[PDB]
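Structure at a glance
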Amino acid sequence: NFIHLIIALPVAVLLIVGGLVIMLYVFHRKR
């Protein structure tokens, strides 16, 4: 479906951005 791509397009970037924030948070909190 094309709709999936239209939504996946932007979501593809958001997933990376958010993940980076959660990852850094954990590392920073670690010890």
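Residues numbered from 1 in each chain as written, not as in the entry; some residues may be left out. Heavy atoms only, no water.

The deposited coordinates derive from solution NMR.

1. As for the UniProt feature "transmembrane region" in the protein
According to UniProt, the positions carrying the feature "transmembrane region" are residues 5-28. Between the C-alpha atoms that bound residues 5-28 there is a distance of 34 Å. The span itself is 100% helix and 0% strand. (UniProt positions renumbered as here; feature names shortened; annotations may be inferred. Helix = DSSP H or I, 4+ residues; strand = E, 2+ residues; numbered from the N terminus.)

2. Thoughts on helix 1 (residues 2-29)
In a regular helix each residue adds 1.5 Å, so 28 residues correspond to 40 Å; helix 1 covers 40 Å between its end C-alpha atoms and thus fits that length. Where helix 1 bends most, the angle comes to about 35 degrees, and this point is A8, followed within four residues by the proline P10. Of all 28 residues in helix 1, zero are buried, a share of ten percent or less. A positive backbone phi angle near 60 degrees is found at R31, which sits one or two residues after helix 1. (Expected span 1.5 Å × (residues − 1). Bend = angle between axes of the 7 residues up to and from the residue. Buried < 20%, exposed > 50% of the residue type's maximum accessible area, 1.4 Å probe, protein only.)

3. Overview of unusual backbone geometry
Its identity is not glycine, yet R31 carries a phi of approximately 60 degrees, on the positive side. Looking at the element boundaries, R31 is found in the segment after helix 1. Relative accessible area serves as the criterion here: at 96%, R31 is assigned to the exposed category.

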